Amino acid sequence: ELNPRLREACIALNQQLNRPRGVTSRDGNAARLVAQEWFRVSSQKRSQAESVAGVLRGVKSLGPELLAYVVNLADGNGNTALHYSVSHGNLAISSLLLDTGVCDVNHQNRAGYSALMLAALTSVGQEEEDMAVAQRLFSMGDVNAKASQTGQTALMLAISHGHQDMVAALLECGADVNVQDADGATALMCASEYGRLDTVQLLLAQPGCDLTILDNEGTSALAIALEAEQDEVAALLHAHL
């Protein structure tokens, strides 16, 4: 059940949302008060799924539009509760939000990243449940989306942090290897700079992987490897070229 102040703000917000035209400002008194309590309860590192679950039961009792509005609230950093739960590794909260069936997992924060992208970036190598959460995100998102500022993909972000299992998972979900970021860089280029040989091998094994894509200064994966002094990567790229 909702605490007295939040309940009243939710009732007021629900009233705005449920009008025939549904006209509702994210910047009204009601929405700001709901946001303040929602982020307080849902999005802290110490937030507890039990508490969030009780807020959601309360929100849901007022109706589906309110539930979807609240779950997908974005703060001044463009972050939703799911951004925070993924980033913080609060798996229980992640599961609880995804269980609502209403998360917009492709929503990009101000920095340009979706929850899907942050899951690729912050992949916990030894957490089977971390990977299960990421796979749920992939199933309801666009694994080939590009981040609004840098143009990077989940695949590139996973590569950049040496998250090999995440790389494999994204390729099994249909990640395109040949997407280019804002600077023209590809997943292979990121992998060639990072220097993990198994990741380079896995990318090279994908049908259609193109070794001759260039970035906007005409740089190839091979050149990046040589510049990074990754000789074994460089030699491997030479052999496929």
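In case it trips you up, residue 1 is the first one in the sequence shown, and so on.
Participant: Using only the Cα atoms and their B-factors as the entry lists them, report which of 120 to 128 and 85 to 93 averages higher.
Facilitator: Result of the comparison: 120 to 128.
Participant: Output the stretch having the higher mean C-alpha B factor in the entry; the candidates are 165 to 173 and 152 to 160.
Facilitator: That would be 165 to 173.
Participant: Which third, lowest, middle or highest, does the CA B-factor of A187 fall in along this chain?
Facilitator: Lowest third of the chain for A187's C-alpha B-factor.
Participant: Per the entry's values, where does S47 land by CA temperature factor relative to the rest of its chain, in the lowest, middle or highest third?
Facilitator: Middle third of the chain for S47's C-alpha B-factor.
Participant: Could you tell me which third, lowest, middle or highest, the C-alpha B-factor of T219 occupies within its chain?
Facilitator: Middle third, going by the recorded CA B-factors of the chain.
Participant: Going by the CA temperature factor in the PDB record, which third of the chain does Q180 belong to: lowest, middle or highest?
Facilitator: For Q180, whose C-alpha B-factor we compare with every modelled residue in the chain, the answer is the lowest third.
Participant: Using the temperature factors of the C-alpha atoms in this entry, rank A205 within its chain: lowest, middle or highest third.
Facilitator: According to the entry, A205 has a C-alpha B-factor in the chain's highest third.
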